[PDB]
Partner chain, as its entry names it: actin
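The data below hold one chain only, encoded as C-alpha cells and taken in the form solved without the partner chain.
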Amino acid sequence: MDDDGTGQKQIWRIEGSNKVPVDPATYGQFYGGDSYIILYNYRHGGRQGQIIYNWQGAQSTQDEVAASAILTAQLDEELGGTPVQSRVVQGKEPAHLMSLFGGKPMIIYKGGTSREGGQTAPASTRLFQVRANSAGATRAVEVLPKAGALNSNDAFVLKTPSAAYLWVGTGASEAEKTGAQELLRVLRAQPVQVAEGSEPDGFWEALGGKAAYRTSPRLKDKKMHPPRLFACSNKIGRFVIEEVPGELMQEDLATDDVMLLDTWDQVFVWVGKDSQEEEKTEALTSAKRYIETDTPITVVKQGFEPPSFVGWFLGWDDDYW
C-alpha cells in the first residue's frame, strides 16, 4: 500500500454492542483485551479511498468479536459500501496499518473493557516488551513484570511508582530502543538506561527479584535467518507443514498440533497437548531432513517450555491455556 499513512483516521473500541470513540490523543495505544475499528480516509495517486481495519486484540473475547462484525457491517452500509475491508489480529498487522501512527510504535496494554467488569485499571508496576520486525514496524506489548519475562533480543520498559527503566537486550535494535523511548513518553516517565548484564539492584527488586530469563546465543545476537515458525498437522488427512507468518504470538501454537520453531542454530519441536503421536514423529523426521539438506532438535511440550523457546514470542502468558 503506497499510501503514506498520514490520512485522517477515526478509531473506535468495541464496548458491549457499541463502537465507542477512542481518545484521539491515544491513537496508537490499544488494549490487548479489546477489539477496535479504524476508519482510515486517504488520498493517493490522485484518488481518494477508505479502508476499515478491524483489529482484534489477542485477549479480546468472542462476544466482542461478534459485536465488531455487526458494527463494521453497519459502518460499511453507512458509508455506502465504499471502504476496503481488512480483518487483522494482534501481531499480524500489515505495514500500512503500522504506519498510521506517525512513526510511533503500536502500544498494547494489558486488560481492557468488558460488559461485566468495565475498564480495568493499570497495574502500579508494568513491564513492556518492545520488538520490531525486519521492516522496522515496532510493537510495545505489556506483559507481567517478572524477571523471567525479559528476553535478550528486545528492549523492555519497566515502570514502577517510584522509578522507570529502559532495559536493552544485547540483541535489541535501535528501532526497539526508540520505540521504548516513545512508550516512556506516553507513560510520562524518565528512564534509567540499563544494558543487559549491568542491571542495578533496584531494577531486579522492582521485578520481584533477580531470576533467569529468556536467553540463548541466537536471542543475544544483534546482527540477524530470522526465526521461522511452522504448523505441523495431519488433520487434513495427511501430514503437512506450513509456515506461520507475522509476529510470533503464543496463540499461533496450535494445541492440537506440533509446531516447529527454526532459530537457525536450533530447531524446537513444540508438542501440543492434544496433538497425535504421529504428528510428533513426522515433525521430527521432517526437521531432521530440513537440516540435512543444508544443529540441535529440541523437543518441548506445551506448558513446559524452556526460556530459550519462549523468548521468541511477543508476550507470553503462563496461564494462557
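Positions refer to the first chain, counted from 1.
We do not show the form deposited with the partner chain bound, though everything after this point is about it.
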Examine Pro200 and determine whether its closest non-hydrogen atom to the partner chain in the bound PDB entry is within 4.5 angstroms. no
Within a 4.5 Å heavy atom cut-off, is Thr120 in contact with the partner chain in the bound PDB entry? no
Does any part of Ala58 reach within 4.5 Å of the partner chain in the bound PDB entry? Heavy atoms only, please. no
Though only this chain appears here, would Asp252 touch the partner chain in the bound PDB entry if you measure heavy atom gaps against 4.5 Å? no
Considering the partner chain in the bound PDB entry, find the one stretch among 264 to 272, 50 to 58, 283 to 291, 27 to 35 with heavy atoms no farther than 4.5 Å from it. 50 to 58
Contact residue in the bound PDB entry, chosen from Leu71, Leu219, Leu166, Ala137 - any heavy atom within 4.5 Å of the partner chain: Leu71
Contact assignment for the partner chain in the bound PDB entry, among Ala95, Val84, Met224, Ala195, heavy atom within 4.5 Å: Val84
Check each residue of 228 to 243 against the partner chain in the bound PDB entry and list those with a heavy atom within 4.5 Å, in sequence order. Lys235, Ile236, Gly237, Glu242
